[PDB]
$ cat coords15.cif   # mmCIF, C-alpha atoms
data_run
#
loop_
_atom_site.label_atom_id
_atom_site.label_comp_id
_atom_site.auth_asym_id
_atom_site.auth_seq_id
_atom_site.Cartn_x
_atom_site.Cartn_y
_atom_site.Cartn_z
CA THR A 2 82.59 105.73 84.76
CA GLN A 3 80.09 105.88 81.89
CA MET A 4 76.89 104.01 82.65
CA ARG A 5 74.67 105.23 79.85
CA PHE A 6 74.15 102.50 77.25
CA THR A 7 75.58 103.18 73.78
CA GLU A 8 74.74 101.61 70.41
CA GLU A 9 77.02 98.58 70.94
CA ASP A 10 75.02 97.80 74.11
CA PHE A 11 71.60 97.66 72.50
CA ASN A 12 73.05 95.83 69.49
CA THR A 13 74.45 93.10 71.74
CA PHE A 14 71.01 91.50 71.78
CA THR A 15 71.07 90.88 68.02
CA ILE A 16 74.11 88.57 68.21
CA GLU A 17 73.04 84.98 67.44
CA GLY A 18 73.80 82.15 69.84
CA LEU A 19 74.09 82.02 73.62
CA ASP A 20 77.88 81.71 73.67
CA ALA A 21 78.51 84.52 71.19
CA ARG A 22 76.00 86.93 72.69
CA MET A 23 77.24 86.21 76.22
CA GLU A 24 80.81 86.98 75.21
CA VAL A 25 79.80 90.43 74.06
CA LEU A 26 77.33 91.06 76.88
CA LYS A 27 80.00 90.44 79.55
CA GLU A 28 81.98 93.09 77.75
CA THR A 29 79.44 95.81 76.98
CA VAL A 30 76.23 95.61 78.99
CA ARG A 31 77.11 93.74 82.17
CA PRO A 32 79.95 96.09 83.25
CA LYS A 33 77.45 98.95 83.03
CA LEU A 34 74.77 97.02 84.90
CA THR A 35 77.21 96.31 87.72
CA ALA A 36 78.21 99.99 87.80
CA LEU A 37 74.54 101.03 87.86
CA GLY A 38 74.07 98.59 90.74
CA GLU A 39 76.81 100.14 92.87
CA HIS A 40 75.62 103.63 91.99
CA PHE A 41 71.90 103.29 92.69
CA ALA A 42 71.94 100.91 95.69
CA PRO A 43 72.71 103.67 98.25
CA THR A 44 70.08 105.90 96.61
CA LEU A 45 67.27 103.34 96.87
CA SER A 46 68.25 102.61 100.46
CA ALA A 47 67.92 106.30 101.27
CA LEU A 48 64.71 106.56 99.26
CA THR A 49 62.87 103.54 100.66
CA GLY A 50 64.21 103.35 104.20
CA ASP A 51 65.32 99.75 103.71
CA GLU A 52 68.78 98.42 102.95
CA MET A 53 69.00 97.85 99.20
CA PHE A 54 71.38 95.46 97.45
CA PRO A 55 72.20 95.15 93.72
CA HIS A 56 71.79 91.92 91.75
CA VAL A 57 73.07 91.74 88.17
CA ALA A 58 70.92 89.36 86.11
CA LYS A 59 72.29 85.90 85.36
CA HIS A 60 71.70 84.13 82.06
CA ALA A 61 73.79 81.12 80.99
CA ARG A 62 73.52 79.62 84.50
CA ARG A 63 69.74 79.94 84.46
CA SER A 64 68.72 79.29 80.87
CA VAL A 65 70.11 77.80 77.69
CA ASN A 66 68.21 80.38 75.58
CA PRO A 67 69.94 83.64 74.47
CA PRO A 68 68.73 86.57 76.64
CA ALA A 69 66.77 89.25 74.78
CA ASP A 70 67.38 91.63 77.69
CA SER A 71 69.52 92.06 80.80
CA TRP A 72 69.24 94.10 83.98
CA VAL A 73 70.42 94.86 87.48
CA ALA A 74 67.88 94.44 90.29
CA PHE A 75 67.70 96.03 93.75
CA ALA A 76 66.08 94.33 96.75
CA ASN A 77 66.12 94.23 100.54
CA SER A 78 68.22 91.07 100.46
CA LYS A 79 71.90 90.22 100.00
CA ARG A 80 71.22 86.82 98.40
CA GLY A 81 68.40 87.47 95.94
CA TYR A 82 65.57 89.62 94.61
CA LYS A 83 62.98 87.52 92.74
CA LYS A 84 60.90 86.71 95.83
CA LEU A 85 60.60 90.32 97.00
CA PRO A 86 59.24 93.62 95.64
CA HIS A 87 62.26 95.14 93.85
CA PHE A 88 63.55 97.70 91.37
CA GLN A 89 65.18 97.12 88.00
CA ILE A 90 67.25 98.93 85.44
CA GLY A 91 67.75 97.16 82.14
CA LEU A 92 67.49 97.16 78.36
CA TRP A 93 66.30 95.15 75.36
CA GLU A 94 67.67 95.95 71.92
CA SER A 95 64.88 98.53 71.53
CA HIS A 96 64.71 100.36 74.87
CA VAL A 97 65.87 100.86 78.43
CA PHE A 98 63.49 100.15 81.31
CA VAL A 99 63.24 101.19 84.96
CA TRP A 100 60.83 99.15 87.08
CA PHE A 101 59.40 98.63 90.52
CA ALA A 102 58.53 94.95 90.26
CA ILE A 103 56.64 92.08 91.82
CA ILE A 104 57.18 88.96 89.74
CA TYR A 105 55.53 85.53 89.73
CA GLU A 106 58.13 84.13 92.12
CA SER A 107 56.95 86.44 94.94
CA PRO A 108 55.17 84.12 97.42
CA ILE A 109 53.05 86.95 98.78
CA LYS A 110 51.93 88.66 95.56
CA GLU A 111 48.30 88.04 96.55
CA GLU A 112 48.49 90.44 99.50
CA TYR A 113 50.28 93.15 97.53
CA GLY A 114 47.50 92.87 94.96
CA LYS A 115 44.70 93.41 97.47
CA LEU A 116 46.60 96.36 98.92
CA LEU A 117 47.12 98.03 95.55
CA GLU A 118 43.42 97.72 94.76
CA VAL A 119 42.60 99.54 98.00
CA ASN A 120 44.95 102.41 97.11
CA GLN A 121 44.07 102.60 93.42
CA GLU A 122 43.13 106.29 93.58
CA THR A 123 46.42 107.23 95.25
CA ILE A 124 48.47 105.12 92.85
CA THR A 125 46.77 106.60 89.81
CA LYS A 126 47.26 110.06 91.30
CA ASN A 127 50.99 109.66 91.95
CA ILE A 128 52.09 107.70 88.88
CA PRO A 129 52.54 110.06 85.87
CA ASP A 130 50.59 109.28 82.70
CA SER A 131 53.97 109.00 80.98
CA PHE A 132 54.69 105.81 82.97
CA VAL A 133 54.01 102.24 81.88
CA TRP A 134 52.83 98.97 83.38
CA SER A 135 53.56 95.30 82.68
CA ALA A 136 52.12 91.97 83.81
CA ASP A 137 55.16 89.95 82.68
CA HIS A 138 58.82 90.98 82.79
CA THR A 139 59.84 88.35 80.21
CA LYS A 140 57.85 90.02 77.40
CA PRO A 141 58.93 93.44 76.07
CA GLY A 142 55.36 94.72 75.80
CA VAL A 143 53.99 97.34 78.19
CA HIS A 144 50.71 99.16 78.85
CA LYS A 145 50.85 102.99 78.78
CA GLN A 146 49.34 104.64 81.86
CA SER A 147 47.90 107.46 79.74
CA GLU A 148 45.77 104.94 77.85
CA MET A 149 45.02 102.88 80.96
CA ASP A 150 41.33 102.52 81.83
CA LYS A 151 40.28 102.63 85.49
CA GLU A 152 38.98 99.07 85.17
CA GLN A 153 42.15 98.03 83.35
CA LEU A 154 44.45 99.07 86.20
CA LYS A 155 42.09 97.36 88.64
CA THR A 156 41.96 94.08 86.74
CA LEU A 157 45.76 94.22 86.60
CA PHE A 158 45.83 94.26 90.41
CA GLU A 159 43.14 91.56 90.54
CA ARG A 160 45.03 89.21 88.24
CA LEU A 161 48.08 89.73 90.43
CA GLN A 162 46.15 88.01 93.21
CA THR A 163 44.24 85.64 90.91
CA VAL A 164 46.54 84.38 88.14
CA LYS A 165 49.64 82.68 89.58
CA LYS A 166 51.87 83.71 86.67
CA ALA A 167 50.56 87.28 86.55
CA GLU A 168 52.97 90.01 87.62
CA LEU A 169 52.98 93.73 88.37
CA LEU A 170 55.58 96.13 87.03
CA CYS A 171 55.45 99.92 86.99
CA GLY A 172 58.08 102.25 85.59
CA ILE A 173 59.34 104.04 82.51
CA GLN A 174 60.84 103.33 79.09
CA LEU A 175 63.67 105.25 77.47
CA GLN A 176 63.65 104.56 73.73
CA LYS A 177 66.97 103.60 72.14
CA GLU A 178 67.02 106.85 70.14
CA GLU A 179 66.64 108.94 73.33
CA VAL A 180 69.33 107.09 75.28
CA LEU A 181 71.73 107.36 72.35
CA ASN A 182 71.26 111.14 72.15
CA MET A 183 71.44 112.11 75.83
CA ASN A 184 74.57 112.39 77.99
CA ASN A 185 75.52 110.35 81.04
CA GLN A 186 74.20 112.73 83.71
CA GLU A 187 70.89 113.24 81.93
CA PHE A 188 70.64 109.47 81.75
CA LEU A 189 71.25 109.07 85.50
CA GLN A 190 68.76 111.83 86.26
CA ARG A 191 65.96 110.16 84.27
CA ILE A 192 66.48 106.97 86.25
CA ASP A 193 66.85 108.87 89.53
CA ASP A 194 63.59 110.77 88.95
CA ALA A 195 61.71 107.57 88.13
CA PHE A 196 62.83 106.01 91.43
CA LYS A 197 61.41 109.02 93.30
CA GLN A 198 58.01 108.44 91.67
CA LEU A 199 58.16 104.67 92.21
CA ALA A 200 59.30 104.82 95.84
CA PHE A 201 55.81 105.01 97.33
CA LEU A 202 54.84 101.73 95.67
CA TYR A 203 57.65 100.03 97.56
CA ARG A 204 56.46 101.60 100.82
CA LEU A 205 52.92 100.29 100.34
CA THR A 206 54.20 96.71 100.16
CA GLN A 207 56.64 97.51 102.93
CA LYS A 208 53.73 97.48 105.37
CA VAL A 209 52.21 94.14 104.34
CA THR A 210 55.61 92.45 104.34
CA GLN A 211 55.37 93.17 108.08
#

$ encode --input "coords15.cif" --output "structure tokens"
Amino acid sequence: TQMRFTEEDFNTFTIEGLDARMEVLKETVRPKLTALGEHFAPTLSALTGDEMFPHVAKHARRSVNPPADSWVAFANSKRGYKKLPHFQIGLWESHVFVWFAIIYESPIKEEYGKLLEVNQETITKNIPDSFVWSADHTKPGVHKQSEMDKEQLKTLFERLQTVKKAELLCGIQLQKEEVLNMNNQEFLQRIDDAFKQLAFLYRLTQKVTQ
């Protein structure tokens, strides 16, 4: 099946109202998120060495506010993903994102933070300058690695262990124009390649999570 997002998928996030937007989202975006979940779960399991399970994002059951983005997450749990380091594939009306994430809900984000600060040279070395970072998955903004200061990436790890609502996300962005002009396989390959680059970040946390 086709998993690459088309124009009607990005445009779904412009529909006004929770009810109206949700009716379209369950028709355009969600089916593709679920397909992406079944497709990439085996891959991440093979890549990380841990059993990975897909989790399509919920909206109406969690918030009364219309979602500006949706995604499918992958974690080493069959019931959830928010409390563990995970991966994500999603989109806003402007772009598609692929993340390795540690969000506020993670009860042990303080340890991950101290561990990332100790491997800062290795992380900088293995994460391409074309990648991006984020301290909050609910805001579309990101920080480009190419224009990331050494102190900036360090403070980002520090705030992860200092500020309770600070997060850590690393991945890539595929602009709407790019996604609309590439084919399915090229789309799957961009995501697949990003997971290969992001895999070592999961392994670092793998150790601290016992």

$ residues_around --input "coords15.cif" --residues "stretch 178-189 of chain A" --least-positions-apart "5" --cutoff "7 Å" --atoms "only C-alpha atoms" --output "list in words"
residues 3, 4, 5, 6, 7 and 8 of chain A

$ residues_around --input "coords15.cif" --residues "residue A:28" --least-positions-apart "5" --cutoff "10 Å" --atoms "only C-alpha atoms" --output "list in words"
residues 10, 13, 22, 23 and 33 of chain A

$ resolve_selection --input "coords15.cif" --expression "the PyMOL selection byres ((chain A and resi 123-140) around 6)" --output "list in words"
residues 120, 121, 122, 141, 142, 143, 144, 145, 146, 147, 167, 168, 169, 170, 171, 172 and 173 of chain A

$ axis_aligned_box --input "coords15.cif" --around "stretch 164-175 of chain A" --padding-each-side "3 Å" --output "AutoDock Vina command-line options"
--center_x 55.1 --center_y 94.0 --center_z 83.5 --size_x 23.1 --size_y 28.6 --size_z 18.1

$ resolve_selection --input "coords15.cif" --expression "the PyMOL selection byres ((chain A and resi 60-68) around 10)" --output "VMD selection string"
chain A and resid 13 to 23 26 57 to 59 69 to 71 93 139

$ atom_distance --input "coords15.cif" --atom1 "atom CA of residue A:34" --atom2 "atom CA of residue A:73"
5.5 Å

$ decode --input "coords15.cif" --residues "stretch 161-196 of chain A" --atoms "N, CA and C atoms" --output "PDB file, in the first residue's frame"
ATOM      1  N   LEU A 161      17.576  18.801  29.796  1.00  0.00           N
ATOM      2  CA  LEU A 161      16.821  17.557  29.790  1.00  0.00           C
ATOM      3  C   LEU A 161      16.823  16.984  31.202  1.00  0.00           C
ATOM      4  N   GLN A 162      17.913  17.212  31.925  1.00  0.00           N
ATOM      5  CA  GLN A 162      18.035  16.717  33.285  1.00  0.00           C
ATOM      6  C   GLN A 162      17.704  17.785  34.327  1.00  0.00           C
ATOM      7  N   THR A 163      17.539  19.028  33.881  1.00  0.00           N
ATOM      8  CA  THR A 163      17.229  20.134  34.785  1.00  0.00           C
ATOM      9  C   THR A 163      15.769  20.597  34.731  1.00  0.00           C
ATOM     10  N   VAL A 164      15.294  20.960  33.544  1.00  0.00           N
ATOM     11  CA  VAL A 164      13.915  21.408  33.387  1.00  0.00           C
ATOM     12  C   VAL A 164      12.993  20.202  33.200  1.00  0.00           C
ATOM     13  N   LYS A 165      12.024  20.051  34.099  1.00  0.00           N
ATOM     14  CA  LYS A 165      11.087  18.929  34.045  1.00  0.00           C
ATOM     15  C   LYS A 165      10.303  18.786  32.746  1.00  0.00           C
ATOM     16  N   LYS A 166       9.955  19.904  32.119  1.00  0.00           N
ATOM     17  CA  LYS A 166       9.191  19.855  30.878  1.00  0.00           C
ATOM     18  C   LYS A 166      10.055  19.984  29.628  1.00  0.00           C
ATOM     19  N   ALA A 167      11.362  19.821  29.800  1.00  0.00           N
ATOM     20  CA  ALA A 167      12.297  19.894  28.683  1.00  0.00           C
ATOM     21  C   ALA A 167      12.408  18.491  28.087  1.00  0.00           C
ATOM     22  N   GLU A 168      12.494  18.414  26.763  1.00  0.00           N
ATOM     23  CA  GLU A 168      12.579  17.127  26.090  1.00  0.00           C
ATOM     24  C   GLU A 168      13.800  17.050  25.190  1.00  0.00           C
ATOM     25  N   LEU A 169      13.972  15.910  24.536  1.00  0.00           N
ATOM     26  CA  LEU A 169      15.103  15.708  23.646  1.00  0.00           C
ATOM     27  C   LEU A 169      14.663  14.905  22.426  1.00  0.00           C
ATOM     28  N   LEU A 170      14.651  15.548  21.269  1.00  0.00           N
ATOM     29  CA  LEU A 170      14.277  14.863  20.047  1.00  0.00           C
ATOM     30  C   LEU A 170      15.326  15.113  18.964  1.00  0.00           C
ATOM     31  N   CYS A 171      15.711  14.049  18.269  1.00  0.00           N
ATOM     32  CA  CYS A 171      16.696  14.151  17.205  1.00  0.00           C
ATOM     33  C   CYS A 171      16.177  13.396  15.996  1.00  0.00           C
ATOM     34  N   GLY A 172      16.260  14.018  14.825  1.00  0.00           N
ATOM     35  CA  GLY A 172      15.784  13.359  13.624  1.00  0.00           C
ATOM     36  C   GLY A 172      15.919  14.203  12.373  1.00  0.00           C
ATOM     37  N   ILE A 173      14.976  14.041  11.453  1.00  0.00           N
ATOM     38  CA  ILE A 173      15.006  14.789  10.208  1.00  0.00           C
ATOM     39  C   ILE A 173      13.638  15.325   9.816  1.00  0.00           C
ATOM     40  N   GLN A 174      13.642  16.319   8.932  1.00  0.00           N
ATOM     41  CA  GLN A 174      12.406  16.911   8.432  1.00  0.00           C
ATOM     42  C   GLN A 174      12.355  16.792   6.926  1.00  0.00           C
ATOM     43  N   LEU A 175      11.219  16.365   6.400  1.00  0.00           N
ATOM     44  CA  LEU A 175      11.039  16.272   4.961  1.00  0.00           C
ATOM     45  C   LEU A 175       9.982  17.321   4.646  1.00  0.00           C
ATOM     46  N   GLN A 176      10.384  18.410   3.993  1.00  0.00           N
ATOM     47  CA  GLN A 176       9.438  19.471   3.654  1.00  0.00           C
ATOM     48  C   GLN A 176       8.307  18.940   2.783  1.00  0.00           C
ATOM     49  N   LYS A 177       7.134  19.549   2.926  1.00  0.00           N
ATOM     50  CA  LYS A 177       5.948  19.169   2.172  1.00  0.00           C
ATOM     51  C   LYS A 177       6.225  19.076   0.666  1.00  0.00           C
ATOM     52  N   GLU A 178       6.955  20.052   0.133  1.00  0.00           N
ATOM     53  CA  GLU A 178       7.283  20.067  -1.287  1.00  0.00           C
ATOM     54  C   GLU A 178       8.092  18.831  -1.705  1.00  0.00           C
ATOM     55  N   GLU A 179       9.034  18.407  -0.859  1.00  0.00           N
ATOM     56  CA  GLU A 179       9.853  17.227  -1.143  1.00  0.00           C
ATOM     57  C   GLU A 179       8.999  15.965  -1.154  1.00  0.00           C
ATOM     58  N   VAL A 180       8.239  15.767  -0.080  1.00  0.00           N
ATOM     59  CA  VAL A 180       7.389  14.591   0.053  1.00  0.00           C
ATOM     60  C   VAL A 180       6.372  14.481  -1.074  1.00  0.00           C
ATOM     61  N   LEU A 181       5.881  15.620  -1.549  1.00  0.00           N
ATOM     62  CA  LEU A 181       4.899  15.601  -2.625  1.00  0.00           C
ATOM     63  C   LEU A 181       5.514  15.292  -3.992  1.00  0.00           C
ATOM     64  N   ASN A 182       6.830  15.460  -4.117  1.00  0.00           N
ATOM     65  CA  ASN A 182       7.502  15.202  -5.382  1.00  0.00           C
ATOM     66  C   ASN A 182       8.361  13.941  -5.450  1.00  0.00           C
ATOM     67  N   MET A 183       8.378  13.152  -4.384  1.00  0.00           N
ATOM     68  CA  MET A 183       9.136  11.907  -4.399  1.00  0.00           C
ATOM     69  C   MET A 183       8.141  10.756  -4.513  1.00  0.00           C
ATOM     70  N   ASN A 184       8.630   9.552  -4.799  1.00  0.00           N
ATOM     71  CA  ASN A 184       7.741   8.398  -4.897  1.00  0.00           C
ATOM     72  C   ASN A 184       7.743   7.629  -3.579  1.00  0.00           C
ATOM     73  N   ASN A 185       6.872   6.635  -3.484  1.00  0.00           N
ATOM     74  CA  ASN A 185       6.760   5.844  -2.270  1.00  0.00           C
ATOM     75  C   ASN A 185       8.077   5.262  -1.758  1.00  0.00           C
ATOM     76  N   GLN A 186       8.776   4.503  -2.600  1.00  0.00           N
ATOM     77  CA  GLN A 186      10.031   3.881  -2.192  1.00  0.00           C
ATOM     78  C   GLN A 186      11.103   4.864  -1.754  1.00  0.00           C
ATOM     79  N   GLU A 187      11.168   6.018  -2.401  1.00  0.00           N
ATOM     80  CA  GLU A 187      12.160   7.012  -2.024  1.00  0.00           C
ATOM     81  C   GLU A 187      11.774   7.541  -0.650  1.00  0.00           C
ATOM     82  N   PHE A 188      10.473   7.630  -0.419  1.00  0.00           N
ATOM     83  CA  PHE A 188       9.963   8.101   0.854  1.00  0.00           C
ATOM     84  C   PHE A 188      10.343   7.123   1.972  1.00  0.00           C
ATOM     85  N   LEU A 189      10.137   5.830   1.733  1.00  0.00           N
ATOM     86  CA  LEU A 189      10.465   4.817   2.730  1.00  0.00           C
ATOM     87  C   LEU A 189      11.972   4.750   2.969  1.00  0.00           C
ATOM     88  N   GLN A 190      12.758   4.997   1.931  1.00  0.00           N
ATOM     89  CA  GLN A 190      14.203   4.956   2.084  1.00  0.00           C
ATOM     90  C   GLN A 190      14.728   6.124   2.918  1.00  0.00           C
ATOM     91  N   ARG A 191      14.105   7.298   2.805  1.00  0.00           N
ATOM     92  CA  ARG A 191      14.566   8.448   3.589  1.00  0.00           C
ATOM     93  C   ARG A 191      14.344   8.148   5.064  1.00  0.00           C
ATOM     94  N   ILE A 192      13.184   7.582   5.372  1.00  0.00           N
ATOM     95  CA  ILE A 192      12.853   7.246   6.746  1.00  0.00           C
ATOM     96  C   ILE A 192      13.784   6.137   7.246  1.00  0.00           C
ATOM     97  N   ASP A 193      13.940   5.105   6.425  1.00  0.00           N
ATOM     98  CA  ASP A 193      14.795   3.975   6.755  1.00  0.00           C
ATOM     99  C   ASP A 193      16.232   4.412   7.036  1.00  0.00           C
ATOM    100  N   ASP A 194      16.762   5.325   6.224  1.00  0.00           N
ATOM    101  CA  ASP A 194      18.130   5.798   6.440  1.00  0.00           C
ATOM    102  C   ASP A 194      18.255   6.596   7.733  1.00  0.00           C
ATOM    103  N   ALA A 195      17.236   7.391   8.045  1.00  0.00           N
ATOM    104  CA  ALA A 195      17.257   8.174   9.273  1.00  0.00           C
ATOM    105  C   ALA A 195      17.279   7.258  10.502  1.00  0.00           C
ATOM    106  N   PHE A 196      16.551   6.142  10.451  1.00  0.00           N
ATOM    107  CA  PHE A 196      16.534   5.223  11.586  1.00  0.00           C
ATOM    108  C   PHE A 196      17.930   4.643  11.815  1.00  0.00           C
TER     109      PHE A 196
END
